[PDB]
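Report on one structure; see the data block that follows.
In what follows, every chain begins at residue 1, and chains take the letters A, B, ... in the order their sequences are listed. We use all heavy atoms of the structure for the numbers below, so side chains are in, but hydrogens, waters and symmetry mates are not.
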Amino acid sequence: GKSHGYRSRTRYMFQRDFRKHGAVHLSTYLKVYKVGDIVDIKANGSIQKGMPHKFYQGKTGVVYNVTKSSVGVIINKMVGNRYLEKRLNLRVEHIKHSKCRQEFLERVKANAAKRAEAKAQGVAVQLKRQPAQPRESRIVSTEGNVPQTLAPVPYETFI
Amino acid sequence: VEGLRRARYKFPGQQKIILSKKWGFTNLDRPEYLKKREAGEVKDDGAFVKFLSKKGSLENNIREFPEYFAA
Amino acid sequence: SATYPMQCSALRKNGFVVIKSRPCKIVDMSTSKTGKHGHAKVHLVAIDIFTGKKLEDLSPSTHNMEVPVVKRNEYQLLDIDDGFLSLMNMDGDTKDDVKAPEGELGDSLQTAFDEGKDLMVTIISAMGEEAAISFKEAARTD
Amino acid sequence: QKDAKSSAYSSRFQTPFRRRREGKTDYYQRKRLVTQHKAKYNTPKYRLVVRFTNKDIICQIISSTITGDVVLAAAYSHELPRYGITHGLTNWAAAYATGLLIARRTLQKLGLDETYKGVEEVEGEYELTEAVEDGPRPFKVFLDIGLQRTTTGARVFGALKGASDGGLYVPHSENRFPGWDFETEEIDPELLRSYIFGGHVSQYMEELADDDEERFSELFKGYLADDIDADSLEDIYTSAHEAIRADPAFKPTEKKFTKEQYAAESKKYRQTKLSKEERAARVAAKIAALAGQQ
Amino acid sequence: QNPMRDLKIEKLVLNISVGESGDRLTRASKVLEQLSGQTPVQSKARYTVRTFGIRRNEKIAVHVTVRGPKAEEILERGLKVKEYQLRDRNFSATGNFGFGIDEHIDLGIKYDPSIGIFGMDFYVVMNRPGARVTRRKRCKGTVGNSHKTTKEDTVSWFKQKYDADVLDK
RNA sequence: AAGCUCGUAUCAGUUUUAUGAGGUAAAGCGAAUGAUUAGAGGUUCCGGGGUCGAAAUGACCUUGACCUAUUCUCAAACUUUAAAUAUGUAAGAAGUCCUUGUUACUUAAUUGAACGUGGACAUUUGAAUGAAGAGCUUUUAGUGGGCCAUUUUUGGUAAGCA
RNA sequence: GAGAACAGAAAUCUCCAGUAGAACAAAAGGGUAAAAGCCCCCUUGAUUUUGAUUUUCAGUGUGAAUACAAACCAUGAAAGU
RNA sequence: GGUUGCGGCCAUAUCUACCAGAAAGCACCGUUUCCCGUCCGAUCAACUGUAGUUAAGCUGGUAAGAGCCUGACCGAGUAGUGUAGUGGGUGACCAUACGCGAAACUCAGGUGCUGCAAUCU
RNA sequence: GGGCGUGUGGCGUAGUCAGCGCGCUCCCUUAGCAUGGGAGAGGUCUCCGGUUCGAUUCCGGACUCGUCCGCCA
């Protein structure tokens, strides 16, 4: 018959990695999570308690509950034609903070600093990001850079 | 070439007979292998040949391959 | 439980079955198709272990038949008196509840105990009734 | 030829942690010590780290951060001459005095010393520093004995007893103290008090000085050089205890020099690495030497 | 050079394999106990072998470990039993050496008719000072190459002390 | 189908930026596991066949193993490495910063946790593009035999086959 | 791999090398080295009370599992489990 | 800058073979009355810091060293791949257009950094 | 074609990760009525791999027989 267990098809997903097996380092236990933090989920195969299901591997969610050794995380799961709210109790070995959130907060504080310093002059702050604009005019010189003519190479076996 | 051409009839599909630019069953070219074997940095094996490298311990590189260091 | 179900086709020769609430041991099995379209029927010929009677039966192959639990146990004689054997278990337990065999097995066992061999007795349990089937002699540990 | 390791072995080998390779940290014990209840968010967990080397006892109060461990206060046994203890700097009573010193020092620098005076009159009874009402809780600290063996009579528990009588709230039971009867599950207080005041070394001093005098000159030589007899060590432990309860303030040494003054001599003495060009010159000279037909 | 490179006997282990449990095991254990002055330890059988007749875990051998000058004294008695002649094959690559002897009568216990006759295996383990580095729990390390005991050093020590000669084979 | 609450948004089968997760394609085997071709150098208290040997833990060849350095070819249920395409989250007003209120939680401790009071920051309010209105509810029909094409792919010699 | 009477291919003892090439009840795959393996000591948390969550999923049931709360216990020096 | 205690990242830190180590600190080291544990005070426990020693541990250096790490316009815009055509070819498969882009190999360089407290010619 | 069972000394069977029985051949013994005892000589456990402390035993493959089926058109 068919087989769809709780950890089916999780072979390479829950292998550890090359040459970093063994016990886990103490930074994962010394990291501090608060309610509202945004965290990434990546399971550790060395810890069998508090494991996430294989669906939530690589998923990103929001902390809603902090307990003794675990964290409650909220994920949005697509079921059919809508998203449902899923609450997960995961031990802290299987989560880490999302770095995109802290990058955005750094942008917020630097952006507020720019607005605050330029508010003393009113110099059209222009605080929105802009994407890659087309590159403008330039003059390239041939002083020591005379062009070298290239041609297609004929065919050879090369074995 | 005639032996390979006779052997090609026993195979399905299309095969080509190419005269390689390499020396024997090695992977260097003919003048590259010639300018390598004029120095002592090649040394024969049962059918193949072992080559000298600039890496490794100098004691092993001198017990093997003596004629190149005999400069 | 004392007894467990099984399928007729799952049964095979030298196995125990329950026929008419008797522990029986099969000697013959035969399957014949009922009709060309239909399923085969299993004919079973078996012998009661305790009484030796021949009991047969025919069932559908997919039907489930009752199967007993039969345990064979090994003991040493202590005495044969009044038709009741007295046995001695490993770790020193003793039972006298077994009745002596009544046939040529019982006669041979009685003569062997009278002339003084050390006799090893096999007694079987199936469905709450107890009997002795065979005896040997201990070749070592005299 | 026999003790040879392949390149495949050395490539697939995974090294342990550096402290495990040095054999100094049990990470299985460390994880259970330094981790915190996550609902106590940034609350530090404090370890009384007690380590026994030869000629020293090291007591520290240590919390854990990601960048490394942080020490509140440390107390070594080699600063006990300031309090009057000169000999036996690693005995069970020295462990007691070091624990008492680090307890009084931590309560002084936290300001929790006018309350929670600890056991002023010591008798060897088993009790913990209980919480006083309508005020702050006592300072809670947990042992880190490291790789040292737990054993009834070991001096890590003497350091524990000294720290507990100094006013720290350290959780412990009494069944590892000296004087614990195994069959009758109770603690004998007078033998523990004798050990706090050095009875086990003074009784040995008497029972060896009465018969074997060459041993009494080999060991306990410093006791004869400083005229310390068997009975006076009890009162010098008492005076050391009251000196600790007077001032644990930890004046450091004057260092006799500067950091760069030590660094000049040690930088002169340390060996340096060989650069790429002189390494190439060295191997060219070696080729010209042995492979240059002698 | 040589400040504390001096070889010494780490231990002497005396092994008797009676091969089967019971009265012979107790008698061999009594012989080992009276010879050592210590109670001996019996060792269980790892696997069942039909040809030897052994099953798993019947304490088929008995052995004792003696350290110090007493071990040196029993080694003196064993060497005078062996007439201070040992094969070169007896020594090992690590530097440890052993020999096997028949009966304790040559050792001089004298004979009781009950106790029977049992031969012995003597094994001497040799080390230099500083061997605690491997044995201690904290900061366990490996011993350096120069300080290691070897076969040539142990045969030189066995020629110099005990004024014995080794056989060429 | 009936609408209801609102009026340009608590949107988007899309892109960008930042940040994750994956073990397929490829590649690799003088890297682990497994398969596999050929010689070379060694090991015999440590092999087997012959020949010379009284015999010899003898000798000489040969052939097998094991080791060492090489060499040829591979893997859906092998792998150090590792794409492309797909895929999670974020791009603020429900935000940021400052100050100090509550608690029976928590801390050695106004220490922290959560929710707050008061104050400051507004149209470039925090990337692009588009918005056709956005959100919400009730009720009910028919349907629940499918098939074909490109690409990936399984069984099969194959099939207008499954 | 190197040694030690009987004792040899396999009995017991000693040393060295040994990233797991072993073991962890069973099928296979993951995980594990001062351990999750082997040996020893103490125990019954394989307990009580109802909730929440994950998988299968209609976000029904059943099975299995996760993290807590309120008790009462076990163990250890203790953190803890 | 050396050393110790506790660490963080967990080989640039490991492994093999040599060499060196002033001071201090670690270490080996001396002992068995007491607590305690062993067949064995070897490990563990306790006592002395005394009788000694840098021989080892430890630290550092060396090696056209093994390994590991970093980089390259080195291989290679190669293999592979998203999209397109009433493109080629009997087919197997392959070119082109708009895009993304490896691994092995080769070469070059490197061989622990650092937090808290104490202590040192 | 497929399924199921099967194969162990001269013979016949067993089973736990080569045994007995019956024969045999020898040596004794026994008024017997009858004999009895002790020893043997006896096996690639169908075979070959792997598994396992160890395979009859477990498993993969192959072989030998014996059986039962192969329908409705």
Can you find an N or O donor on one side and an acceptor on the other, under 3.5 Å apart, linking the side chain of [X] with the base of [N]?
{"X": "A:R115", "N": "F:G126", "value": "yes"}
{"X": "A:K42", "N": "F:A21", "value": "no"}
{"X": "D:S266", "N": "H:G1", "value": "yes"}
{"X": "E:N96", "N": "G:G3", "value": "no"}
{"X": "D:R47", "N": "G:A79", "value": "no"}
{"X": "E:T65", "N": "H:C39", "value": "yes"}
{"X": "E:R89", "N": "F:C45", "value": "yes"}
{"X": "E:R67", "N": "H:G41", "value": "no"}
{"X": "D:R18", "N": "H:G112", "value": "yes"}
{"X": "D:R279", "N": "H:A64", "value": "no"}

Considering just the side-chain nitrogens and oxygens of [X], establish if one lies under 4.0 Å of OP1 or OP2 belonging to [N].
{"X": "D:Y27", "N": "H:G8", "answer": "yes"}
{"X": "D:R149", "N": "H:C36", "answer": "no"}
{"X": "E:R132", "N": "H:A42", "answer": "no"}
{"X": "A:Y12", "N": "F:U79", "answer": "yes"}
{"X": "A:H25", "N": "H:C10", "answer": "yes"}

With a non-hydrogen cut-off below 4.0 angstrom, is [X] in contact with a base, only sugar-phosphate, or nothing?
{"X": "D:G111", "result": "nothing"}
{"X": "D:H37", "result": "nothing"}
{"X": "D:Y9", "result": "sugar-phosphate"}
{"X": "D:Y41", "result": "sugar-phosphate"}
{"X": "D:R19", "result": "base"}
{"X": "A:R9", "result": "nothing"}
{"X": "D:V201", "result": "sugar-phosphate"}
{"X": "E:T39", "result": "sugar-phosphate"}
{"X": "D:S6", "result": "nothing"}

Considering every strand shown, what is the Watson-Crick or G-U wobble mate of [N] when both distances are under 3.5 Å?
{"N": "F:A75", "value": "F:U33"}
{"N": "F:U153", "value": "none"}
{"N": "F:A90", "value": "F:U17"}

**Prompt:** Of D:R20 and E:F118, whose closest RNA chain G nucleotide lies nearer the 5' terminus?
**Reply:**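 The residue closer to the strand's 5' end, by nearest nucleotide, is E:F118.
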Base rings of [N] and [M] under 5.5 Å apart and under 30° in plane angle?
{"N": "F:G126", "M": "F:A127", "result": "no"}
{"N": "F:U44", "M": "F:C45", "result": "no"}
{"N": "F:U99", "M": "F:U100", "result": "yes"}
{"N": "G:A9", "M": "G:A10", "result": "yes"}

**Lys/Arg cation over aromatic B:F48: B:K50, 6.0 Å, 45° cone** =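 Pair B:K50/B:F48 does not count as cation-pi.
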**Request:** Would you check if the distance from the ring center of D:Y46 to the ring center of D:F139 is below 6.0 Å?
**Result:**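 For D:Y46 and D:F139, the ring centres are under 6.0 Å apart.
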**Request:** Note down the groove, major or minor, contacted by the side chain of D:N54 at under 5.0 Å.
**Result:**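 It is the major groove that D:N54 contacts, since a side-chain heavy atom sits under 5.0 Å from a groove-edge base atom.
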**Item:** Whether E:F122 and E:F99 hold their rings parallel, tilted or perpendicular, with breakpoints at 30° and 60°
**Value:**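 Ring orientation of E:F122 relative to E:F99: parallel.
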**Ionic contact status for D:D144 with D:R51, cut-off 4.0 Å** =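 D:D144 and D:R51: salt-bridged.
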**Request:** Inspect the contact between D:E22 and D:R19 and indicate whether a charged nitrogen and a carboxylate oxygen are less than 4.0 angstrom apart.
**Result:**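 Result for this pair is yes, salt bridge flagged.
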Every protein N/O lying under 3.5 Å from an N/O of nucleotides 51-60 of chain G:
from  : atom 1 : to    : atom 2 : distance (Å)
G:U53 : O3'    : A:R87 : O      : 3.1
G:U53 : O2'    : A:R87 : O      : 2.3
G:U54 : OP1    : A:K86 : NZ     : 3.3
G:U54 : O3'    : A:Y56 : OH     : 3.2
G:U54 : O2'    : A:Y6  : OH     : 3.1
G:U55 : OP1    : A:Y56 : OH     : 2.8
G:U55 : OP1    : A:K77 : NZ     : 2.6
G:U55 : OP2    : A:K86 : NZ     : 2.7
G:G59 : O5'    : A:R82 : NH2    : 3.1
G:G59 : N7     : A:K86 : NZ     : 3.1
G:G59 : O6     : A:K77 : NZ     : 3.1

